[PDB]
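Okay, structure first, notes after.
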2 protein chains.
Amino acid sequence: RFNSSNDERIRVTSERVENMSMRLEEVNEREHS
Amino acid sequence: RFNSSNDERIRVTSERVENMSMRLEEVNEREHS
């Protein structure tokens with residue numbers, strides 16, 4: 001019941017979005033053409 | 001306490017999602033290969 005509340009889902013989504021954004025910036029920085 | 005509320009987390013997630021979508025739309029168009 002704790003892991004499926006709105007607050008925890010929002011927090012986990014925010015953390016994963018932050019990590020995904022950082023990784024996507026790192027990937028776009030890595031380019032050869 | 002302000003930085004960990006639901007409203008601020010939703011706003012930051014929305015902004016980062018918008019930025020990620022804008023970046024991925026131009027990563028996809030990088031189709032020289």
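What to note about this one:
- For region B:17-33, the set of residues classified as surrounded by 13 or more Cβ atoms within 10 Å (Cβ to Cβ) and among the charged types (D, E, K, R) consists of B:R23 only.
- Scanning chain B for residues that are assigned to a loop (DSSP other than H, G, I, E, B) and not basic (K, R) yields B:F2, B:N3, B:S4, B:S5, B:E29, B:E31, B:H32, B:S33.
Positions of Cβ are generated from backbone atoms using ideal geometry, with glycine treated the same way; all protein chains shown enter the neighbour counts. No lab work stands behind these numbers, since they all come straight from the coordinates.
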